[PDB]
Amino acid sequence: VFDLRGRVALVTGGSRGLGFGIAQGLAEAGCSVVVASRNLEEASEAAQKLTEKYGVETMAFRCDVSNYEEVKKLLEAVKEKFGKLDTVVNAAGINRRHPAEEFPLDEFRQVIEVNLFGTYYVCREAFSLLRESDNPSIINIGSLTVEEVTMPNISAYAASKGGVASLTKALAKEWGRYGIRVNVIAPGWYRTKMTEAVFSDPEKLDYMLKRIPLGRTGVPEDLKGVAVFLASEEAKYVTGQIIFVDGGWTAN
């Protein structure tokens, strides 16, 4: 039980940070893992570390998820390597920080293109394989911004993540009839390349910690359990949900 041996997962943004943490969790449970990002060497390095540590089959593929044709090719590559797909983790994401009244318009759309459009494109193109799975599970990565916007200057990102939440609900609704579960993991505050600047400001970090009942920020390992749980047959009656892994942030 919670065994994912023989399963195949696609992890966008699997080359580092939270996506890599999730990829490790799935590989540790026996899942074969496809790592997609925009840097092929980094994706390949991550894939190779997964095979070395966990003994699972892996593949690396260069894909900008905001580019639909590349997503279509990503999914065709999965089908060719594995012939199957059970689990999608949409962890590819960017952030750009500006006051909303000065936000450059190309950057505003770009953040939504990667975070929201790209997440849709991957779900859309994964559908035909996921329909062939006896245990199909889509895991989208949200953020606290699904519920609350705790920092200034992240309007585009917030928009993208609220969009991912509602998209997740729509897909859960439409694709439940095919047995396809669609859920969001919404992380709290985790030190990564994306959040480095915030973490480097001791005033912001002290404020963050005051709002975390467990008394620490998140590490990638904190996401491994919930990812494996949602991928597994043990979460077969769980769909359309937004699950916060945030040390109690949203409860206080």
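Residue numbers here begin at 1 and follow the sequence given.
The entry lists a Cα temperature factor for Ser66 that places it in the middle third of the chain's modelled residues. Among the modelled residues of its chain, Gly83 has a C-alpha B-factor that falls in the highest third, as given in the PDB entry. Split the chain's modelled residues into thirds by C-alpha temperature factor. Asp134 is in the lowest one.
Remark: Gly176 belongs to the highest third of its chain, ranked by C-alpha B-factor as recorded.
Among the modelled residues of the chain, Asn39 sits in the middle third by CA temperature factor in this PDB entry.
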